[PDB]
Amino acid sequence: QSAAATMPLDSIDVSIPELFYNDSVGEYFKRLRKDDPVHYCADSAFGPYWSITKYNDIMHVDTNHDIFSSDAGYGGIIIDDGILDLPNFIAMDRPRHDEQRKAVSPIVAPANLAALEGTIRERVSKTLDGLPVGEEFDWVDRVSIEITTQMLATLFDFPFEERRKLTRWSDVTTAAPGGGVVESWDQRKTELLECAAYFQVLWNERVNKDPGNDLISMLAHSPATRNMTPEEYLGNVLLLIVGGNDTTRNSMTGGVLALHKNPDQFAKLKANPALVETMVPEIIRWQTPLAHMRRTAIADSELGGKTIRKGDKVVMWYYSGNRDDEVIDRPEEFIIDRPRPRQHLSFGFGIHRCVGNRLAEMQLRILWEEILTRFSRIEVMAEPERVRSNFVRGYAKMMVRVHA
């Protein structure tokens, strides 16, 4: 591959998934932020697109939804244009998005989340109490996937023993025949109707009981949801499951890798466990579990001296903006005690900013509070295998050992 530092600017294609896989893409982003920060690529595997590489420019795009649209009709919200017809509120503009999002934001209520803490902690405690000590195991399988699946079961108060159903339904939602996940579109449809039937049982059992602190109770007792159709219910449930699943997984894996690579920060965290609160947002900045989101321009506009034309694909590279030293001090450093650790892009900004963020951060905080009480070190034994994606910045496997 060409040297990012000196190659022609017009040869730089940051969408190439291999560059995320081998984790060199950061070098190309570094070159763009310095030398062409609103960067047009005329030809790629995804078609032509703009790369928005700097923190303030990315915020401008994300918070200007009347110019930069998320609508599924234009191709949706990933660089790769999109294809059972369920409303998908992340790929929707005003006014429809707002009522679908308002249904669900009870999950943003700190009051509500506070009621889940004890359940989260007991579930994390049991997993960590079961890990081998001094023996190698796959952190991704044993902790990240396991704990994320708990977090979704907690959110829905889903029958805990059946929680693997949630990750199966997550896998099916983005599957296509030939992939070895589903063998046909019928099977996929059949499984997602089984999901709708299950969640409908849950709703039927809860609507006439005192409400719990889970989402299904809250939706069922909330007067705002009177006119919520079964398609909206299923679309909301699958969007939450997908939105929470790999992002939280990769944040759980990422913070272990960061602390291994910065053992001085891990020394500071053990000496002051209260830093868990300011460390969790740093993990999320450092990992940038979703590396981009995309938009489509619906009107000409100017950005960074460039004209972005109506119809053009515009890619907000959150992973780049989270390395932008004009906003973030020493951005390549993992620092668990920054003064404003929530100054990052990993959750986006604007009307589509992550609705799950407070639940993710609570889950991550409780995870680490519970690690710190148990283990003196979490040692990464081999370079983890990364995911080959330009969207998911994540890890398929990471071998570790824990020490008492």
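Heads up: residue numbers just count along the shown sequence, starting at 1.
Going from residue 83 to residue 84, you skip over 4 to 9 residues of the deposited sequence that the entry leaves unmodelled. Relative to one another, 185 to 193 and 242 to 250 have unequal mean CA B-factors, and 185 to 193 is the one with the higher figure. When 203 to 211 is weighed against 68 to 76, 203 to 211 comes out higher, by mean CA B-factor as recorded in the entry. As recorded in the entry, 375 carries the highest CA temperature factor of 55, 29, 46, 375.
The PDB entry gives the largest Cα B-factor of the residues 136, 324, 171, 282 to 136. In the PDB entry, residue 16 places in the lowest third of its chain by CA B-factor. Remark: residue 228 belongs to the highest third of its chain, ranked by C-alpha B-factor as recorded. In the deposited entry, the Cα temperature factor of residue 396 places it in the middle third of its chain's modelled residues.
Among all modelled residues in its chain, residue 151 ranks in the lowest third by Cα B-factor. Among all modelled residues in its chain, residue 270 ranks in the highest third by Cα B-factor.
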